[PDB]
Amino acid sequence: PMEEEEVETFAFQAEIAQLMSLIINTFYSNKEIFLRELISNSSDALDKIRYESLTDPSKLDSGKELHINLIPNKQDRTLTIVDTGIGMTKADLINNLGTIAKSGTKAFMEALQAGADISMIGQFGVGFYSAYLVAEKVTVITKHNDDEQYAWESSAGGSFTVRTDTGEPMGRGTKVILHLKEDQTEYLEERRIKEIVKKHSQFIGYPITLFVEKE
Ligand SMILES: NS(=O)(=O)c1ccc(CNC(=O)c2cn[nH]c2-c2cc(Cl)c(O)cc2O)cc1
């Protein structure tokens with residue numbers, strides 16, 4: 001029978017919306033740094049659970065291994081980045097991925113409009129948004145201990161949605177699904193992914209595995 005699901009639609013904070021437009025509608029070379037930002041964001045979450053579990057071992061009930069998986073899908077044109085970090089509560093998602101102002105947004109847009117390399121985005125504290133260099137739509141699935149699993153999604157244009165996720169359960173962590181733009185499909189190629197992880201993500205303190213579908 002028919003199922004019902006609640007959705008909540010949110011507006012991006014004004015300067016965050018402006019940044020997204022700037023990222024989306026301006027040409028940048030060096031778009032590859034998007035993956036560095038995602039792995040760094042995963043690494044941040046992995047540190048958080050690592051140290052939490054030193055206090056309370058019953059925070060690792062939801063899964064012991066701390067790692068990152070990269071999953072390209074050439075048929076769907078998606079690149080999926082999965083971690084077993086601390087995850088996000090509903091309030092974490094809404095606040096941290098779009099509604100609360102970030103202190104670095106205006107500085108970064110100013111820097112960028114003066115010719116700064118897009119690679120600086122991480123240092124301005126808004127690196128998540130680099131996903132929109134290569135992705136037309138981003139879905140973030142997340143599971144925090146003692147909260148339910150949520151899905152966040154945005155195609156930009158100034159809004160995002162959040163809903164309880166009735167899809168495949170994750171133990172704990174965050175899964176980012178990048179629906180890549182048509183001219184950005186090189187980031188589905190095994191060689192290219194290896195190249196950029198090597199160049200930009202070599203000092204990560206957690207194992208990363210690349211899963212490649214049989215050609
Ligand atoms: N939106 S933003 O300001 O650029 C941003 C958002 C999140 C982060 C760091 N990551 C986290 O805080 C976190 C906590 N639990 N899960 C995450 C997480 C978030 C993101 Cl965006 C991710 O791609 C992977 C994650 O594991 C850094 C910067």
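Residues: numbered from 1 along the sequence shown. As the structure lists them, so they are numbered: ligands from 1, and atoms in each ligand from 1. Because only heavy atoms are used, hydrogens play no part in the values below, and waters and symmetry mates are left out as well, while side chains stay in.
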If you draw a 6.0 Å radius around CD in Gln202, do more than 12 non-hydrogen atoms from other residues or ligands fall strictly inside? yes
Rounded distance (nearest 0.5 Å) linking atom CE of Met20 with atom CZ of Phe128: 7.0 Å
Decide, yes or no, whether a salt bridge links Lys74 with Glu189 under the criterion of side-chain N to carboxylate O below 4.0 Å. yes
Using a 4.0 angstrom limit on heavy atoms, which residues are close to ligand 1? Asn41, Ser42, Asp44, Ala45, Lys48, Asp83, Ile86, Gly87, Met88, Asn96, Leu97, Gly125, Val126, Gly127, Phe128, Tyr129, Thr174, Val176
Between the side chains of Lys59 and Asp146, is the shortest nitrogen-to-carboxylate-oxygen separation below 4.0 Å, so that they form an ion pair? yes
Can you name the nearest heavy-atom pair linking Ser43 to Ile68, along with the distance? N-CD1, 4.4 Å
Verify the distance criterion only: is there a donor paired with an acceptor across the side chains of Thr166 and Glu5 at less than 3.5 Å? yes
